[PDB]
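K.L.:
fold the following.
(one chain, ligands or ions: 2)
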Amino acid sequence: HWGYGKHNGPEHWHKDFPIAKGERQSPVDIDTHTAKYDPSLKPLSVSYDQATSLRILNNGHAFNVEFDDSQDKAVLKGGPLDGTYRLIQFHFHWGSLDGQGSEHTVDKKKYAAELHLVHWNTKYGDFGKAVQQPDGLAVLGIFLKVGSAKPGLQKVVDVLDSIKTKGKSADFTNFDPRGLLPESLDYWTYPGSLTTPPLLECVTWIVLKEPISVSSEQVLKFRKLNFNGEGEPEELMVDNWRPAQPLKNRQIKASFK
Ligand SMILES: CCn1cc(-c2cc(C(=O)O)n(C)n2)c2ccccc21
Ligand SMILES: [Zn+2]
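P.N.:
Residues are numbered from 1 along each chain as shown. Ligands and ions are numbered 1, 2, ... in the order given. The coordinates are given below.
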């Protein structure tokens, strides 16, 4: 089964998931000088005031903070999107060292981590149907750099001890994801894919230009999680990122000049 190690990591995924070598795979390097400003792109509309977080889960590859997506409570619209996309979960990718961890790169620069807020297009009725469509998902990606602490991240950091190992979950109600956003919603956008198996080509990516800052102590706590289940030999959950994939026949558009 797939993972991030030498023997089951990103270079092996194509054997079980051939679409790994497809025409719209993610992540990609964002070459800032080649991205095209698109004046027709609208501002993002991030409406998270009624978000209902439920649970946090260590799934053996990352941790997911899950939301109630049975009603339009936390939605993303605008930008490149047509229609309404409901927030289902967010998760991160991070490194073993502060100089790596992000999936997207910016002029080949790697950030320490990357946050993915995953949303699905309500015209497809449920997430499982949405992932089978080329416009099924919208993922908002936010870079993390190490510097000052992010206060809105601390509640996530402090629960990680309770979900150390694969398959553990904990109640995670009343978390406000607005506390994870940077000031600016300027963004780049391109058509891509899930970045873990099954690697489905169903995502409109919206990557914010402005990173958030988190403290060294906050990211250190991410690195204490485990890929393994309880009672198995400890394997630290680090370097759970897929590297940049070929851009192929795609253009990255910028919302800003
Ligand atoms: C582990 C199997 N699996 C993993 C995912 C998945 C992978 C990702 C991702 O790369 O962010 N998401 C948001 N969801 C998935 C989606 C539909 C059906 C099965 C899936
Ligand atoms: Zn992700």
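
K.L.:
which positions in the stretch 101-250 of the chain make contact with ligand 1?
P.N.:
Contact residues, the stretch 101-250 of the chain versus ligand 1 (C-beta under 6 Å from any ligand atom): 116, 118, 131, 194, 195, 196, 198. C-betas here are computed from N, CA, C, even on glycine.

K.L.:
taking those, please make a ChimeraX selection of just the buried ones.
P.N.:
Only the buried entries of those go into this ChimeraX selection, using 16 or more other C-beta atoms under 10 Å:
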select :116,118,131,194,195,196
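
K.L.:
I'd like the residues of the stretch 101-250 of the chain next to ligand 1 as CSV, with secondary structure and distance to residue 221 appended.
P.N.:
Listed next are these as CSV, based on DSSP: H, G, I helix; E, B strand; the rest coil; distance: C-beta to C-beta, whole Å:
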residue, secondary structure, distance to residue 221
116, strand, 19
118, strand, 22
131, coil, 30
194, coil, 26
195, coil, 23
196, coil, 22
198, coil, 29
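
K.L.:
any figure for the gap between the nearest residue to residue 4 once chain neighbours are set aside and residue 250?
P.N.:
The shortest distance from residue 4 to any non-neighbouring residue, by C-beta to C-beta, 6 or more residues apart in numbering, is to residue 240 (5.1 Å). As judged by C-beta to C-beta, to the nearest Å, residue 240 and residue 250 stand 25 Å apart.

K.L.:
compare these two (neighbour count), which wins?
P.N.:
A count of neighbours by other C-beta atoms under 10 Å puts residue 240 above the other of residue 240 and residue 250, at 26 against 14.

K.L.:
just to check, the more buried one is in contact with residue 96?
P.N.:
No - in this structure residue 240 lies outside contact range of residue 96 using C-beta atoms under 8 Å: 9.9 Å.

K.L.:
how about JSON lines for the residues of the stretch 101-250 of the chain next to ligand 1, with distance to residue 42 added?
P.N.:
JSON lines is the format used below for those (distance: C-beta to C-beta, whole Å):
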{"residue": "116", "distance to residue 42": "22"}
{"residue": "118", "distance to residue 42": "21"}
{"residue": "131", "distance to residue 42": "25"}
{"residue": "194", "distance to residue 42": "25"}
{"residue": "195", "distance to residue 42": "25"}
{"residue": "196", "distance to residue 42": "29"}
{"residue": "198", "distance to residue 42": "31"}
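
K.L.:
tell me the contacts of residue 191?
P.N.:
By C-beta atoms under 8 Å, 6 or more residues apart in numbering, the contact set of residue 191 is 24, 134, 201, 203, 204, 205, 250.

K.L.:
among these, name the ones in strands.
P.N.:
Those of the contacts of residue 191 mapping onto strands are 203, 204, 205, per DSSP state E.

K.L.:
once you drop chain neighbours, what's closest to the last one?
P.N.:
Same thing as residue 205. With C-beta to C-beta, 6+ apart as the criterion, residue 205 has its nearest non-adjacent residue at 4.7 Å, and that residue is residue 192.
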